Amino acid sequence: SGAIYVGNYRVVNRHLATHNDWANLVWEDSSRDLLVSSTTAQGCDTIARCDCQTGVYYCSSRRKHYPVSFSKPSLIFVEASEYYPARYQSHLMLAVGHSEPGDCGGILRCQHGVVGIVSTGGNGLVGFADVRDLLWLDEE
Ligand SMILES: CNc1ccccc1S(C)(=O)=O
Ligand SMILES: [Zn+2]
C-alpha cells in the first residue's frame, strides 16, 4: 500500500484505488498502473522534476528504505502478479531490489522529491510507476 499526497491530489496504484478514489477521480491510466483522486486536506509530498536514475524507495515487506539505481521510464513487459496478468506497462522504471505485491505504493524519492511509486515485483527487480512527467500534479 501507499500514496503520494501532493497538494489536493492522492496518487495511488490504479489496482489499489478505492471506491472513494473512483468517486473523486482526476485521472487514471491502466497501462501505467496509476490513478489520481482529489483530497480535502493538502499533502506533505513534493514531486521530482528531473531525469535522476538514483534514489531511495520504501519496501514495506522489509520495513526498510533502500538506495537504488533505476532505469528511465519505459514500456516494459511485466510477468503475472496477484493483482495483474502478464502484460506490458508504460512509464515503468526498473531497479535491482526486493518487491512483493503489498510493497506497491512505496515511494521512490531522489534529491528533487518523489519520483514514483512501487508498481511491480519479482525475480529480484522492483518496478516504479514514474510520476515526474505529470506536471499538472504541481498546480490546480
Ligand atoms: C507513453 N510514453 C512512453 C511510453 C513508455 C514509457 C515512457 C514513455 S515517455 C516517452 O512518455 O517517457
Ligand atoms: Zn531527481
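X-ray crystallography is the method the PDB entry states for this structure, with the resolution given as 1.43 Å.

J.: Quick question: what am I supposed to make of the packing of aromatic side chains here?
T.: Each aromatic ring pair is described using two quantities: the centre-to-centre distance and the angle formed by the ring planes. All told, the structure shown has seven aromatic pairs when counted by the stated rule. Seen from their ring centres, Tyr57 and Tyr66 are 5.9 Å apart, and the 35° between their planes marks the pair as tilted. By relative accessible area, which is 0% here, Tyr57 ends up buried. A relative accessible area of 26% places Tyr66 in the partly exposed class. With a centroid separation of 6.4 Å and an interplanar angle of 65°, the aromatic rings of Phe70 and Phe128 are classed as edge-to-face. Of this pair, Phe70 sits in the loop between β5 (64-69) and β6 (74-78) while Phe128 is found in strand β10 (residues 125-130), placing the two residues 58 residues apart along the sequence. With relative accessibility at 3%, the residue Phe70 sits in the buried group. Aromatic ring contacts, followed pair by pair, group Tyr57, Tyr66, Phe70 and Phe128 into a single cluster. The aromatic ring of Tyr84 is capped on one face by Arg87, whose charged end is 3.9 Å from the ring centroid.

J.: Could you clarify how one ought to interpret the sheet that holds strand β7 (residues 87-96) in this entry?
T.: Adjacent strands of a sheet pair through backbone hydrogen bonds, lying either parallel or antiparallel. The strand order across the open sheet formed by seven strands is β5-β4-β8-β9-β10-β7-β6, and the pairing between neighbours is antiparallel. The open sheet has two edge strands with one neighbour each: β5 and β6. Adjacent strand axes in the sheet meet at a mean angle of 50°, parallel and antiparallel pairs treated alike. Sheet topology note: the strand β4 (residues 54-59)/strand β8 (residues 107-110) ladder contains two bridges and is antiparallel. Looking at the pairing, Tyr57 lines up with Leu108 of β8.

J.: Sorry if this is basic, but what is going on with the layout of surface pockets here?
T.: Space left empty within the atom packing is revealed by a probe, the size of a water molecule, rolled over the atoms. Its boundaries defined by the atoms lining it, the largest pocket holds a volume of some 350 Å³. Lining the largest pocket are 24 residues; nearest its centre among them are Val78, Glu79, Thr120, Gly121 and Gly122. Partitioning the lining of the largest pocket into residue classes produces twelve nonpolar, nine polar and three charged.

J.: Looking at this model, I keep getting lost on the coordination of the zinc ion (ligand 2). Mind explaining?
T.: Each pair of donors in an ideal four-coordinate tetrahedral metal site encloses 109.5 degrees, whereas pairs in an ideal six-coordinate octahedral site enclose 90 or 180 degrees. Within the protein, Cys50 (SG), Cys52 (SG), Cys110 (SG) and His112 (ND1) serve as the donor atoms for the zinc ion (ligand 2), at 2.1 to 2.4 Å. For the zinc ion (ligand 2), the four donor atoms in the first shell make angles of 98 to 120° at the metal, a pattern classed as tetrahedral. Going along the chain, you hit the donors of the zinc ion (ligand 2) in the pattern C-x1-C-x57-C-x1-H. For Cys50, a relative accessible area of 24% gives the class partly exposed.

Reading the values: the criteria
- Residues numbered from 1 in each chain as written, not as in the entry; some residues may be left out.
- Chains lettered and ligands numbered in written order.
- Heavy atoms only, no water.
- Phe/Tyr/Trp six-rings, centres within 6.5 Å; stacked < 30°, edge-to-face > 60°.
- Buried < 20%, exposed > 50% of the residue type's maximum accessible area, 1.4 Å probe, protein only.
- Helix = DSSP H or I, 4+ residues; strand = E, 2+ residues; numbered from the N terminus.
- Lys NZ or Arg CZ within 6 Å of the ring centre and 35° of its normal.
- Pairing = 2+ DSSP bridges.
- Axes fitted to C-alpha atoms, helices over the stretch in contact; angles between N-to-C directions.
- 1 Å grid on protein atoms, 1.4 Å probe; cavity = no way out; pocket = protein on both sides within 12 Å on 5 of 7 lines; lining within 4 Å.
- Points joined across faces, edges and corners; volume = space filled by probe spheres on them.
- Nonpolar A, V, L, I, M, F, W, Y, C, P; charged D, E, K, R; others polar.
- Donors = N, O, S within 2.8 Å, 3.2 Å for Na, K, Ca; no water.
- Tetrahedral: all angles 85-135°; square planar, octahedral: opposite > 155°, others 65-115°.

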